[PDB]
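Asker: Pasting an experimental structure with its sequence.
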Amino acid sequence: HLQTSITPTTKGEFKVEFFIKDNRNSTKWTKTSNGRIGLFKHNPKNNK
Amino acid sequence: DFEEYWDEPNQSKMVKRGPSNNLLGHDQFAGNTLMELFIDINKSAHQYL
């Protein structure tokens, strides 16, 4: 059971943290990876 | 020769807790801790609201 959480942090920004467990039995998750992303439209005029 | 057999998924345990008197509610075991709750103020434990 992998579950991703998305947390609103700032304008555009977001925080991503993951967890795992065993499905039918486990109440215990242990975070495996995390990071931050940002929803900003890029500038495609420096490309190709 | 009695032996004990039983199998209830922990989800059934998390469901049989029913409503919660306090306003914190019951725990949805997931990710960062998550405290859920349903309120119907007509009931006894929330009537004072």
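Answerer: In hand now; what should we look at? Residues are numbered from 1 along each chain as shown, chains lettered A, B, ... in the order given.

Asker: list the contacts for whatever residue of chain B ends up closest to chain A?
Answerer: Closest residue of chain B to chain A, Cβ to the nearest Cβ: residue B:29 (4.2 Å). Heads up, the C-betas are built off the backbone N, CA and C, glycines and all. With contacts defined as Cβ atoms under 8 Å, 6 or more residues apart in numbering or on different chains, the neighbours of residue B:29 are A:27, A:29, B:14.

Asker: and the second one, what is it in contact with?
Answerer: In this case it means residue A:29. For residue A:29, the contact set (Cβ under 8 Å, 6+ apart) comprises A:3, A:19, A:20, A:21, B:29, B:30, B:31.

Asker: neighbour-wise, which of those leads?
Answerer: When neighbours are taken as other Cβ atoms under 10 Å in any protein chain shown, the top entry among the contacts of residue A:29 is residue A:19 (19 neighbours).

Asker: hmm, back to that, from residue A:35, how far out is the residue of chain B closest to chain A?
Answerer: Residue B:29 sits 24 Å away from residue A:35, going by Cβ to Cβ, to the nearest Å.

Asker: for residue B:14, same thing?
Answerer: As judged by Cβ to Cβ, residue B:14 and residue A:35 stand 30 Å apart.

Asker: who's more crowded, those two?
Answerer: Taking other Cβ under 10 Å, residue B:14 and residue A:35 do not tie; residue B:14 has more neighbours (13 against 9).
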